[PDB]
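Topology and contacts: notes
What follows is each chain in one-letter form.
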Amino acid sequence: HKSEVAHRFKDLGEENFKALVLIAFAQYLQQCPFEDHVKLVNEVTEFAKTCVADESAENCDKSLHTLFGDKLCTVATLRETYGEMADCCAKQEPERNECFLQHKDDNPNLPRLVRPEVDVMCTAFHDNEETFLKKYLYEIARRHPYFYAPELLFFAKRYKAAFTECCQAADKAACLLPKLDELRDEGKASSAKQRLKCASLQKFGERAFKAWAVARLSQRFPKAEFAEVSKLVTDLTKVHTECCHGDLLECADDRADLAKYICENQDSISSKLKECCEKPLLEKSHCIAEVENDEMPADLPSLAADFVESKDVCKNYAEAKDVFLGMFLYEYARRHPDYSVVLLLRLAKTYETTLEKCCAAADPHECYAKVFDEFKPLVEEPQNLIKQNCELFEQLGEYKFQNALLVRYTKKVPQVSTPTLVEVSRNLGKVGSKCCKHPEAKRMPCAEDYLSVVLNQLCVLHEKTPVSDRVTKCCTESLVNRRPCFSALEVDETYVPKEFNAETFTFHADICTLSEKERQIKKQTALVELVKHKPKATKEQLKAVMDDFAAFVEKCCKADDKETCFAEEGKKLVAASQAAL
Ligand SMILES: CCCCCCCCCCCCCCCC(=O)O
Ligand SMILES: CCCCCCCCCCCCCCCC(=O)O
Ligand SMILES: CCCCCCCCCCCCCCCC(=O)O
Ligand SMILES: CCCCCCCCCCCCCCCC(=O)O
Ligand SMILES: CCCCCCCCCCCCCCCC(=O)O
Ligand SMILES: Oc1ccc(Cl)c2cccnc12
Ligand SMILES: [Cl-]
Ligand SMILES: [Cl-]
Ligand SMILES: [Cl-]
Ligand SMILES: [Cl-]
Ligand SMILES: [Cl-]
Ligand SMILES: [Cl-]
Ligand SMILES: [Cl-]
Ligand SMILES: [Ru+3]
Ligand SMILES: [Ru+3]
């Protein structure tokens, strides 16, 4: 293209162009104030307008990396605010762009964004929809300089949807805050999810990533030929490789190219893409990333003929080990959208170990002709765990199910800080709430999707402050054994009971005057501490004081006097509890 900026401006449109320019600059100049970014956007935007009017116009033939880097090196305060980053301006492309890339600062030190009151928010939204919305877009991008820009744009449009609706409703806050809590959860999860793929790719290498992609792409497009899945796995591996490196434009072009290939070859891939493929370039690769699985072809054969009977197993394996294993993964995954990806990786690795053991032995076929028996226990384990836990979740509430998780995980690893124990148990409990309302045909992918983002981010929090050798051993091992390792943790019988502290189990009337959530957290915080102080307490014994405490609060949080019921009756509850434990 004669002018890449004019071309982008025509592909995306003025509104999307401006928003992505803002995110781009907010992710590099993370301490410049919001109003100078607006100046940069308006300046880049009306320059781009000269380029769509005339592509021979001055500077319109420069590359976007050049144009972007040029804009960065005109910030007058660049060396005084970003210091060493300003020295990038003395290099030339592509060294300069790489130098700027290196100087992206993850985890900068900005105050946390405090959600204001609903009436404050709706009033700001009404008084200046754009400035309000773009300011929050800027606040989030500067605090997440590696969050892929278009997805951030796609979250911004969903926030706009939440405000327009709820700022008009009768009970504003009742409409808005759940939507805002929901959006925060996904954006935080997506941020965690991107950094996990990009950190297992280097921890574990291209091969393991390719193995994961074959499984995932085969469940999604089970009518595609394995040659087509392998083509897609290759392009997709390059795409995540390049996107992990951090160049937003080089990353965006790889994604857009892959989506153009997929949309051009739908009838070799899937019948579900005609709408996504009709969508504009900015949304094309996103839409297809989250499209639902295509229907499996009717009455596929068993995997027996190709992978256990056929005399050419060991010979076809040796001819190309990974391609043969990759074919096995393809055939198993396409038949099993109900499995998690990691389970399919367990099976494939299981098939790999026995093929490696039997293809070197006398009469291989005898040695390995039963390996499909080895798959059954590996399949029951995730399913069993889902059943019992989804069963328990509908026996108890969401909140009481959290309290069940709370007791169990505290007993397994009582060294974890109380607040971290509460947050994980509350979150896991949320995962029963959404995943357990799926049928068994789609429960295991649901759990995997959510556990993975609860598991390694408790592991990144654990590498921050290690407290147990067993949770580092879980967290530093394969992503296929991550969830089993944690499931295999047993009640810590090394632990020394925490010394009784009276202030930890003293309660006041403020507890009546707190929100349901904030009341549950403090109820759940005391429960962790109770299990830490008397860890040999049984759930029968624990239920008895939990019932007592429940009655205690409902008594003192309703009497004529309150501040004194909580100390007088409170003193009784404690003493009666210590006696029973
Ligand atoms: C002057 C600064 C350089 C130009 C700034 C352009 C901002 C980046 C363009 C984003 C392209 C988005 C393409 C979406 C397609 C996809 O993700 O598959
Ligand atoms: C078919 C194209 C890609 C070929 C490369 C993928 C071969 C699959 C290998 C499966 C090995 C076991 C599964 C991964 C386990 C792990 O990474 O810990
Ligand atoms: C879906 C229920 C989850 C309830 C809260 C989490 C605690 C139990 C999780 C058990 C299910 C594990 C399945 C993960 C998939 C896999 O690792 O193959
Ligand atoms: C910072 C370290 C915190 C670790 C605290 C232990 C919490 C373990 C919960 C992880 C999920 C376990 C696997 C699924 C359910 C199970 O089988 O227990
Ligand atoms: C053993 C010495 C201290 C005395 C014990 C008092 C603190 C008990 C722990 C509170 C658990 C509250 C959770 C149950 C109530 C509910 O779910 O609403
Ligand atoms: O930390 C975050 C990452 C991504 C997104 Cl979209 C967020 C939205 C609101 C608050 N925090 C967020
Ligand atoms: Cl936040
Ligand atoms: Cl907010
Ligand atoms: Cl604002
Ligand atoms: Cl604000
Ligand atoms: Cl804001
Ligand atoms: Cl944030
Ligand atoms: Cl967040
Ligand atoms: Ru704001
Ligand atoms: Ru955030």
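The deposited coordinates derive from X-ray crystallography, with the record listing a resolution of 2.4000 Å.

Check the secondary structure of the protein and you find 28 helices and zero strands. In terms of principal-axis extent, the alpha carbons of the protein reach across some 85 × 75 × 45 Å.

For the rest of this paragraph, the subject is the UniProt feature "binding site: Ca(2+) 2" in the protein. Under the local residue numbering, the UniProt record ascribes the feature "binding site: Ca(2+) 2" to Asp11, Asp253 and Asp257. Spatially, the listed residues are clustered: although they cover 247 residues, their C-alpha atoms lie within 14.0 Å of one another. Looking only at the residues we just named, the second largest pocket is lined by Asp253. Inspection of the secondary structure assignment puts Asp253 in helix α12 (residues 248–264). Residue position: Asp257 is located in helix α12.

Taken together, the residues surrounding ligand 2 are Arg207, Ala208, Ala211, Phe226, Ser230, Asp322, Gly326, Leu345, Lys349 and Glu352. Where the shell around ligand 2 is concerned, the elements lending two or more residues are α10 (172–220), α11 (226–245), α17 (321–335) and α18 (341–358). Of the residues assigned to the shell around ligand 2, the class counts are four nonpolar, two polar and four charged. Counting the residues that make up the shell around ligand 2, at least three belong to each of domain 3 (202–290) and domain 4 (303–382).

The next subject is the domain arrangement of the protein. Taken as a whole, the protein is organised into domain 1 (4–103), domain 2 (118–200), domain 3 (202–290), domain 4 (303–382), domain 5 (383–488) and domain 6 (502–580). Put simply, the middle of domain 4 and the middle of domain 6, counted by C-alpha atoms, are 54 Å apart.

At a minimum axis distance of 10 Å, the contact between helix α27 (residues 539–556) and helix α28 (residues 565–580) shows a crossing angle of 170 degrees. Classed by the angle they form, the pair α27 and α28 counts as roughly antiparallel. Where α27 abuts α28, its residues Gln541, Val545, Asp548, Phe549, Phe552, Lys555 and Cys556 lie against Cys565, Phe566, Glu569, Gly570, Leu573, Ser577 and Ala580.

This part is about the layout of surface pockets. Roughly 780 Å³ of internal volume is contained in the second largest pocket. In terms of lining residues, the second largest pocket is bounded by 38 residues, among which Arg8, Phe17, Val21, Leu64 and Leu249 are the most central. If you tally residues by element for the lining of the second largest pocket, the top one is α12, at eight residues. Among the domains, domain 1 (4–103) and domain 3 (202–290) are the pair contributing at least three residues each to the lining of the second largest pocket.

Take the site of ligand 4 next. Around ligand 4, the neighbouring residues are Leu385, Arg408, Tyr409, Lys412, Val416, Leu428, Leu455, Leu458, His462, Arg483, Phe486 and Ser487. Taking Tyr409, its side chain carries an N or O atom lying 3.0 Å from an oxygen atom of ligand 4. Between ligand 4 and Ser487, the relevant distance is 2.3 Å, taken from an oxygen atom to a side-chain nitrogen or oxygen of the residue. Burial of ligand 4 by the surrounding chains reaches 93%, relative to a free accessible area of 540 Å². Taken together, the residues of the shell around ligand 4 sort by class into seven nonpolar, two polar and three charged.

With that settled, consider the UniProt feature "binding site: Ca(2+) 1" in the protein. Mapped onto this numbering, the UniProt entry annotates "binding site: Ca(2+) 1" at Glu4, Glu242, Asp247 and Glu250. In the annotated set above, the residues contributing to the lining of the second largest pocket are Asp247. For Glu242, the location among the structural elements is in helix α11. Among all residues touching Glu242, those that are not within four sequence positions of it are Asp247, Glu250, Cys251 and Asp254. Among the secondary structure elements, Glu250 is positioned in helix α12.

Each disulfide is one covalent bond, formed between the sulfur atoms of two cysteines. Considering all chains together, one arrives at 17 disulfides under this definition. Disulfide partner of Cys51: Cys60, at an S-S distance of 2.0 Å. In this structure, the disulfide formed by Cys51 and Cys60 twists by about -85 degrees around the S-S bond and is classed as left-handed. In this structure, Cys51 and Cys60 share a single accessibility class: buried.

Relative orientation of the contacting elements helix α20 (residues 372–395) and helix α21 (residues 398–412) amounts to 130 degrees, with a least axis distance of 7 Å. It follows that α20 is oblique to α21 by the angle criterion. Residues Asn389, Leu392 and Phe393 of α20 form the contact with α21, whose own contacting residues are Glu398, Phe401, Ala404, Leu405 and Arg408. Grouping the constituent residues of the contact of α20 with α21 by class yields five nonpolar, one polar and two charged.

Here is what the cut-offs are and how they apply
Residues numbered from 1 in each chain as written, not as in the entry; some residues may be left out. Chains lettered and ligands numbered in written order. Heavy atoms only, no water. Residues with missing side-chain atoms left out of burial classes, pairs and counts. Helix = DSSP H or I, 4+ residues; strand = E, 2+ residues; numbered from the N terminus. UniProt positions renumbered as here; feature names shortened; annotations may be inferred. 1 Å grid on protein atoms, 1.4 Å probe; cavity = no way out; pocket = protein on both sides within 12 Å on 5 of 7 lines; lining within 4 Å. Near = heavy atom within 4 Å. Nonpolar A, V, L, I, M, F, W, Y, C, P; charged D, E, K, R; others polar. Domains from an automatic or database assignment. Axes fitted to C-alpha atoms, helices over the stretch in contact; angles between N-to-C directions. Parallel < 35°, antiparallel > 145°, perpendicular 65-115°, else oblique. Contact = heavy atoms within 4.5 Å. Points joined across faces, edges and corners; volume = space filled by probe spheres on them. Polar contact = N/O pair within 3.5 Å; in protein donor to acceptor, adjacent residues only side chain to side chain. Areas by Shrake-Rupley, 256 points an atom, 1.4 Å probe, with all protein chains shown as cover. Disulfide = S-S within 2.5 Å. Buried < 20%, exposed > 50% of the residue type's maximum accessible area, 1.4 Å probe, protein only.

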